[PDB]
Amino acid sequence: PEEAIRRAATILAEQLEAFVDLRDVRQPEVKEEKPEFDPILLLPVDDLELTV
DNA sequence: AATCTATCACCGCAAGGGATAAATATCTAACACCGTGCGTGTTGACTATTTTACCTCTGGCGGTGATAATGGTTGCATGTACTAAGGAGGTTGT
């Protein structure tokens, strides 16, 4: 389950035609985000640049 | 505990979205002034703060009435189911 997740769950990209613009009408509304910056002592191990 | 090939995919690395912070412009608030009026001060006359004195409230409680009145109240403990004990007394027995 440490492999069988990171595209195995994003199959959600195949369950969303029912709900998030069913048609052809993307509208002006945002994504409104989360930033925390380099090189803060709290930053994830991914901020060493990794390998699969 | 090292090796990797061969998974399912994260990175490989192009694009672009929001963000925030700069500059501007607006807002308000903090203040310093002024003016008001109140609680700044002593003095003085008031009248009723307190005390004691006096004259005379409220409520302390002790005292007990007499034409005569002279057989009383009191209602439901409980109705069941048990059974252990004591109580009775005549008698046929110990």
# chains A, B, ... in the order shown; residues from 1 in each chain; ligands from 1
>>> select_by_dssp(residues="chain A", states="helix (DSSP H, G or I)", output="VMD selection string")
chain A and resid 10 to 14
>>> write_last_selection(atoms="N, CA, C and O atoms", output="PDB file, in the first residue's frame")
ATOM      1  N   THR A  10      -5.700   8.461  -7.569  1.00  0.00           N
ATOM      2  CA  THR A  10      -6.022   9.535  -8.537  1.00  0.00           C
ATOM      3  C   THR A  10      -6.873   9.062  -9.728  1.00  0.00           C
ATOM      4  O   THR A  10      -7.264   9.854 -10.578  1.00  0.00           O
ATOM      5  N   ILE A  11      -7.284   7.785  -9.750  1.00  0.00           N
ATOM      6  CA  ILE A  11      -8.468   7.270 -10.472  1.00  0.00           C
ATOM      7  C   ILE A  11      -9.739   8.111 -10.180  1.00  0.00           C
ATOM      8  O   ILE A  11     -10.688   8.109 -10.961  1.00  0.00           O
ATOM      9  N   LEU A  12      -9.760   8.913  -9.109  1.00  0.00           N
ATOM     10  CA  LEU A  12     -10.704  10.026  -8.918  1.00  0.00           C
ATOM     11  C   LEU A  12     -10.840  10.963 -10.148  1.00  0.00           C
ATOM     12  O   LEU A  12     -11.949  11.413 -10.434  1.00  0.00           O
ATOM     13  N   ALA A  13      -9.789  11.145 -10.961  1.00  0.00           N
ATOM     14  CA  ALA A  13      -9.810  11.815 -12.278  1.00  0.00           C
ATOM     15  C   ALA A  13     -10.710  11.140 -13.349  1.00  0.00           C
ATOM     16  O   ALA A  13     -10.708  11.525 -14.523  1.00  0.00           O
ATOM     17  N   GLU A  14     -11.466  10.114 -12.956  1.00  0.00           N
ATOM     18  CA  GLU A  14     -12.357   9.286 -13.771  1.00  0.00           C
ATOM     19  C   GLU A  14     -13.756   9.175 -13.106  1.00  0.00           C
ATOM     20  O   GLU A  14     -14.527   8.275 -13.436  1.00  0.00           O
TER      21      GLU A  14
END
>>> interface_residues(of="chain B", to="chain A", cutoff="8 Å", atoms="only C-alpha atoms (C1' of nucleotides)", output="number ranges by chain")
B: 8-11, 18
>>> atom_distance(atom1="atom CA of residue 39 of chain A", atom2="atom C1' of residue 17 of chain B")
22.7 Å
